[PDB]
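# show me how the following folds:
(6 chains)
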6 protein chains.
Amino acid sequence: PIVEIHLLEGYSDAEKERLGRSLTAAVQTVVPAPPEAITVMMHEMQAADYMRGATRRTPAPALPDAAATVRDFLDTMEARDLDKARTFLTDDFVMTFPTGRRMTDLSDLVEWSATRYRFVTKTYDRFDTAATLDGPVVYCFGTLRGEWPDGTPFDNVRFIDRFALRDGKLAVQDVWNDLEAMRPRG
Amino acid sequence: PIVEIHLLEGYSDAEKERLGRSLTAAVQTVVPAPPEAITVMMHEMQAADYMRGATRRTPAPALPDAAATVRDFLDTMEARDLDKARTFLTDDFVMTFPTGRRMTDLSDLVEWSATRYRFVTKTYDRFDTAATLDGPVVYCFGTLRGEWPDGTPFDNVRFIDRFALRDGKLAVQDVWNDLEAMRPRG
Amino acid sequence: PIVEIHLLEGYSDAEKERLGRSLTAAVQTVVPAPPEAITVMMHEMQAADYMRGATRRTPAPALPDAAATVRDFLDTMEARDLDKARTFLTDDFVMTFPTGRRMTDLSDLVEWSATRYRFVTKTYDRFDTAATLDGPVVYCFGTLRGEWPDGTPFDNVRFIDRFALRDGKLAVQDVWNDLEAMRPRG
Amino acid sequence: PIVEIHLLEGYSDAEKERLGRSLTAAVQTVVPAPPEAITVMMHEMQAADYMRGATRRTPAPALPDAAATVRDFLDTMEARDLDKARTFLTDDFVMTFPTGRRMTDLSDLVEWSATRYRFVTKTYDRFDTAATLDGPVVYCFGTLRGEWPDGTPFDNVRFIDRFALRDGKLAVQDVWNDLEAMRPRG
Amino acid sequence: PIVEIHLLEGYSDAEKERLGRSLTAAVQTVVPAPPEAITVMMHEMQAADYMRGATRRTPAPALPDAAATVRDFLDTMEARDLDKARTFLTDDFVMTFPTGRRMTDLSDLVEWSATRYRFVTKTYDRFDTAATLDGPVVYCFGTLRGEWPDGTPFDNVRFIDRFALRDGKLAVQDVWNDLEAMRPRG
Amino acid sequence: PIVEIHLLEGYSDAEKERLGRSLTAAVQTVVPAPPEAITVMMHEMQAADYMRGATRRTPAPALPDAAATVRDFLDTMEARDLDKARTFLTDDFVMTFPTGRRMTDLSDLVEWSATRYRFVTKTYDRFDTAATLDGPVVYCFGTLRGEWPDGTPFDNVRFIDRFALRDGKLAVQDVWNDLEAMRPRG
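Numbering: from 1, shown residues only, chains lettered A, B, ... in the order given. Please find the structure below.
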């Protein structure tokens, strides 16, 4: 299958590369061709060579790479830099953590987790980006290492995060993980 | 943006529809245009009209709707019809459940889960399909209702499933949920 | 130059003909290439093959030929079949005749016109259709023959009509002619 | 509908805009779509990227905007600069004014009109271009202000002009107006 | 590289296959890509979908396969069916065989060859078709088996034929071979 | 017919010219259209605008003009400059000469031919390049002049060479000629 996309000039090489990869995978959700049977060609237009409604149009500035934004945010939270972390977030950002704990302030999350473990560090197995008609959604999963409250080190505890975005910013975060399934009880 | 895709004739209307929606959404991971500003045009070719390496090509028969395949599998599992559930699976299908329990035989899952709760029933908040270069990956999440082993009822226990597919069959299942986080402890 | 147009299936051959000639002529308003150096290709899409905003589009019916509609209306007026004439008009149709006489009701025109001449019959020299971004606009000019109020015959009195259309119906008529220039004065 | 046009490099942004608008309007003579639903994409080729006959082609230098040419000729005539006015004209230019007065010399028209009014100056309500296969045809209409021969001022006397062009110059002019309909009579 | 060709309906599947292979090969005379990297797509248009100079156009009836025509002529000469062989030929067909012997009558070739060998039968290693703008040119080469005039058998005597064609018919034949280089000498 | 080819930027004007003429000639092997009915359009893509298998292609430099390479090599062999002549050859180059003599060392050809004639020089009637799916194949033919071993001059002895190329180098040479047919015999 051969995909052509006509777009206005001004997107970077890295943005074209994301788009090309995204278009290729889209095809594979229906057509079981190997990526190597799938071609994407991009035709760039200058503003004077494009009109819609008898009117030139302004290119929509590119969204950042949603998976990179999520990783940057999650890195910034591990560095405990809440000021910087907030710059990734919409005004109405909402987090849901295990138990259904719903929170809108990053400080609330620090206090709530403080007693659940001393710290946790993420190892990422995978980032998947789900393209929706409401923009991208990011899933990332892997394992946690850290220490329980009494200091006991743990390791290889599975986690997954889901982020929904709006206009490039993180708008919703949901978290599921295996901490309470691996916590020592007896 | 205008997307054109050239493909061999034979795909159903519903397949073209999924394909067009996936392509539209793929654009939106980079170009934040209103879906109204995004056009998809499909050019259908007869076998005789298309050639690569100087030879006609075989129409690769369409994949099914992966989210619907996942939903049907999970429904069948809830009906405890393991004979049918296995018709969804690759021969090397592997499941990972909370604690990192890695299982390849649905029977193993039944026995392992039997002690952890009497039953669960899934309410689905959302499916998302992540188009990858290895094919579709399906994420679905929502909440569980059921009973703890002592017969105590629960509901609204968060869960998330991830499925990776291969040639229209389910190849990998990973599961994360809030059961151990919500389970009553003396 | 080579013009490609992509459109939904279901236009007749004659409609495709009109569209091809119109596109060719548009090119000739800027590029003084001979018509033979201008190619038009039409790609036809089934509904299933075309999507904007993740939605199939319903194919409209083609507009009638505006110049024929005008001719038909003017013919009906000459036959004095007002009921039929009105079927050609928008509810807000407006006429402007020499002296700037502005009229909305066909019956107003026959009354106003009756004192000006016994009758007029149009010979058409030319129709022209101007493609505008509000729709087609038709111009037709030629000569009138008739009799002045006292019965004196006349012939070859120049006239021109302009019609603006909306959705295939006649929305504005402007009229200009040489009657008063040629009228006998005692 | 999506219109693509392939043309050789060299046309200015303004020429491209004219062409884009003409193609858009052309579509609207058959397909009842709002301009907003109609896209025009231009693909520009360098000489080395284009071949017809195993040989290259030289682009036809663009036509000027016929409506601007007409307006400039008419402005010039209002300034009474007949030397300049003639540079707009084909050698066989022919004029027809109310009464069927057929004229080839601009000085003829000056003499003939001098009897008819002291002066008139045009206010333009609209320009329309009819794209035809023999090149553009220009219609413009509006009103005249001026003075009758005895010095009585008039105002809002309707007029319409039609110009046929040949290779960018004015070849035929036809005029119709309400001057004799509005003239005071005895 | 992606090659697209737009053409009128009416070509057979076999004609399209020849066309696709020739376009692929053409690309390979300049672009050093393997055929598997070269895609050809054909867009077929009904007559109503195509316009040049604002008129429909009639497809040129396809040419026959030049290399098959040659093979058929040569097979016919091996069965010695001269009357049939002359149906492949232009009225001014010319042959040139080793020693420079030029001949226009097939029966002249029969008499000349008679004393050079008892018979010869062609095994074809290859046909190559040279796409020139002045007509097709067919080269074919391989080996001969047969018997010298004294009955002594031979095989693997190399041969090559060149044929120029005109409007589907064989117009020139040139032959070179190793018979005299292999002939036994006293 | 209208051919479009999409390819990476970087081909020279002369390379595009060869490619356009070749595509044109390819069409003409099937569609006997006049060359001015055949247009070729080339669409150039930047590296970042083209993907296959979700990865960009590295453009490989255009092939040289095969018929020129062949001519250069043959001129160099006439000059007896084997060192230079070998720069044109693949490492697995193979020659077949009359009698089926198969040689891989240019030195071998000089020994073998030295006893067959004093020298020959080629007068070329024609080069034909055949576009094949294995790459370009060059045929050139004409006549030889030289001297038999005893010094007796000859001229007008027919010859034909066939070269197959690989990555712009000569990989196979086959030769057929009338030398043994014209040699004086005791």
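
# which parts of chain A are helices?
Under the criterion DSSP state H, chain A carries helices at the ranges A:13-28, A:66-78, A:82-86, A:106-114, A:179-182.

# for the third one, list the C-alpha coordinates in PDB.
When you say that, I think you mean helix A:82-86. C-alpha atoms of helix A:82-86 as PDB (Å, rounded to 0.1, in the frame of the first residue of the first chain):
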ATOM      1  CA  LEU A  82       7.400  19.700  41.200                       C
ATOM      2  CA  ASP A  83       7.700  23.300  39.800                       C
ATOM      3  CA  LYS A  84       9.100  21.900  36.500                       C
ATOM      4  CA  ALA A  85       6.600  19.000  36.500                       C
ATOM      5  CA  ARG A  86       3.700  21.400  36.600                       C
END
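
# helices and strands around that helix, which ones?
Under the contact definition 3 or more CB pairs under 8 Å, 6 or more residues apart in numbering or on different chains; DSSP states H and E, helix A:82-86 sits against helix A:66-78, helix A:106-114. To be clear about C-beta, it is placed using only N, CA and C from the backbone, and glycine gets the same treatment.

# and of those, who's closest to chain E?
Closest approach to chain E among the helices and strands packed on helix A:82-86 (CB to the nearest CB): helix A:66-78, 30.1 Å.

# right, is that closest one up against chain B?
Yes: using CB under 8 Å from any CB of the partner chain, helix A:66-78 comes into contact with chain B via residue A:66.

# for that helix, give me every contacting residue.
A:84-85, A:88-89, A:106, A:121-122, A:124, A:127, A:129, A:135-138, A:140, A:161, A:163, A:165, A:168-170, B:29 (CB atoms under 8 Å, 6 or more residues apart in numbering or on different chains).

# picking up where we left off before, between the helices of chain A, which gets nearest to residue B:4?
Closest approach to residue B:4 among the helices of chain A is made by helix A:13-28 (11.0 Å; CB to CB).

# got the contact list for the closest one?
So helix A:13-28 is contacted by A:1, A:3, A:5, A:11, A:33, A:35, A:38, A:40, A:42, A:62, A:65, A:129, A:131, B:3, B:5, B:19, B:22-23, B:25-27, B:29-31, B:131-133, B:135-136, F:48-49, F:51, F:53-54, F:56 (CB under 8 Å, 6+ apart).

# ok, back up a step: need the helices and strands packed on helix A:82-86 in a markdown table with mean neighbour count, can you?
Formatted as a markdown table, these follow (neighbours: other CB atoms under 10 Å in any protein chain shown):
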| stretch | mean neighbour count |
| --- | --- |
| helix A:66-78 | 18 |
| helix A:106-114 | 13 |
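
# could you dump those helices into JSON lines with distance to residue C:96 added?
Output for the helices and strands packed on helix A:82-86, formatted as JSON lines (distance: least, CB to CB, whole Å):
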{"stretch": "helix A:66-78", "distance to residue C:96": "59"}
{"stretch": "helix A:106-114", "distance to residue C:96": "69"}
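
# nearest to residue D:147, out of those helices?
helix A:66-78 (72.1 Å).

# just checking, which of the contacts of helix A:66-78 belong to strands?
If you go by DSSP state E, those have A:89, A:121-122, A:124, A:127, A:129, A:135-138, A:140, A:161, A:163, A:165, A:169-170 in strands.

# among the residues you listed, which ones are buried?
Taking 16 or more other CB atoms under 10 Å in any protein chain shown as the criterion, what is buried in the ones in strands among the contacts of helix A:66-78 is A:89, A:122, A:127, A:129, A:135-138, A:140, A:161, A:163, A:165, A:170.

# which residues sit in contact with residue A:11?
Contact analysis of residue A:11 by CB under 8 Å, 6+ apart lists A:19, A:59, A:62, B:30, B:31.

# how many residues are close by the fourth one?
What that stands for is residue B:30. Residues lying near residue B:30 (other CB atoms under 10 Å in any protein chain shown) number 28.

# surely residue A:98 and residue A:175 touch.
Yes: if you go by CB atoms under 8 Å, residue A:98 and residue A:175 touch, sitting 6.7 Å apart.

# look at the two and report which has more neighbours.
residue A:98 (24 against 18).

# skip the chain neighbours and tell me the closest residue to the more buried one.
Leaving aside its chain neighbours, residue A:98 sits nearest to residue B:181 (4.3 Å; criterion: CB to CB, 6 or more residues apart in numbering or on different chains).

# thinking again about what came up before, out of the buried ones among the ones in strands among the contacts of helix A:66-78, which is nearest to residue B:150?
residue A:161 (32.5 Å).

# that closest one and residue A:114, how far apart?
19 Å (CB to CB, to the nearest Å).

# how about residue A:80?
12 Å.

# one more: residue A:149?
Going from residue A:149 to residue A:114 by CB to CB gives 9 Å.

# swap in residue A:133?
39 Å.

# for residue A:36, same thing?
50 Å.

# still on that earlier bit, CSV for the helices of chain A, including distance to residue B:69?
Shown next, in CSV, are these (distance: least, CB to CB, whole Å):
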stretch, distance to residue B:69
helix A:13-28, 15
helix A:66-78, 25
helix A:82-86, 38
helix A:106-114, 36
helix A:179-182, 28
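
# looking at the ones you listed, which is nearest to residue D:145?
Closest of these to residue D:145 is helix A:13-28, at 57.7 Å (criterion: CB to CB).

# and stretch A:140-149, anywhere near chain B?
Yes: against chain B, stretch A:140-149 shows contacts by CB under 8 Å from any CB at residue A:141.

# contacts for that stretch next, please.
Under CB under 8 Å, 6+ apart, the answer for stretch A:140-149 is A:67, A:70-71, A:74, A:115-128, A:153-161, A:177, A:179, A:183-184, B:162, B:174, B:176.

# and those, which are buried?
By neighbour count, with 16+ other CB under 10 Å, the contacts of stretch A:140-149 hold A:67, A:70-71, A:74, A:116-117, A:120, A:122, A:127-128, A:154, A:157-161, A:177, A:179, A:183, B:162, B:174, B:176 as buried.

# could you find the closest non-adjacent residue to residue A:160?
residue A:141 (3.8 Å).

# what's the answer for residue A:177, then?
Once flanking residues are discounted, residue A:177 sits nearest to residue A:159: 3.8 Å by CB to CB, 6+ apart.

# surely that neighbour meets residue A:121?
No: between residue A:159 and residue A:121 there is no contact under CB under 8 Å: 10.7 Å.

# next to chain E, which bits of chain A? Give me the list.
Taking CB under 8 Å from any CB, the part of chain A that reaches chain E is made up of A:2, A:39, A:41.

# doesn't residue A:139 make contact with residue A:176?
No: applying CB under 8 Å, one finds residue A:176 not in contact with residue A:139, separated by 10.6 Å.

# now list whatever residues contact both of those two.
residue A:160.

# and stretch A:28-38, how far apart are its ends?
9 Å (CA to CA, to the nearest Å).

# I meant stretch A:32-43, not that one.
Note: stretch A:32-43 ends 25 Å apart using CA to CA.

# same check on stretch A:166-184?
The first-to-last residue distance of stretch A:166-184 comes to 39 Å (CA to CA).

# same question for stretch A:74-82.
So stretch A:74-82: terminal residues 11 Å apart, CA to CA.

# then stretch A:72-84?
10 Å.

# picking that back up, the contacts of residue A:11: which two are farthest apart?
A:19 and A:59 (13.0 Å).

# higher neighbour count, the two?
residue A:19 (23 against 16).

# any idea how far the more buried one is from chain D?
Going from residue A:19 to chain D by CB to the nearest CB, to the nearest Å gives 18 Å.

# residue A:120 now?
51 Å.

# how close does that residue sit to residue A:113?
Note on residue A:120: its distance to residue A:113, by CB to CB, is 8 Å.

# now swap in residue A:24 and tell me
For residue A:24, the distance to residue A:113 - CB to CB - is 39 Å.

# residues near the residue in chain A that chain E sits nearest to, how many?
When scored by CB to the nearest CB, chain A has residue A:2 as its residue closest to chain E, at 6.2 Å. Using other CB under 10 Å, residue A:2 has 23 other residues around it.
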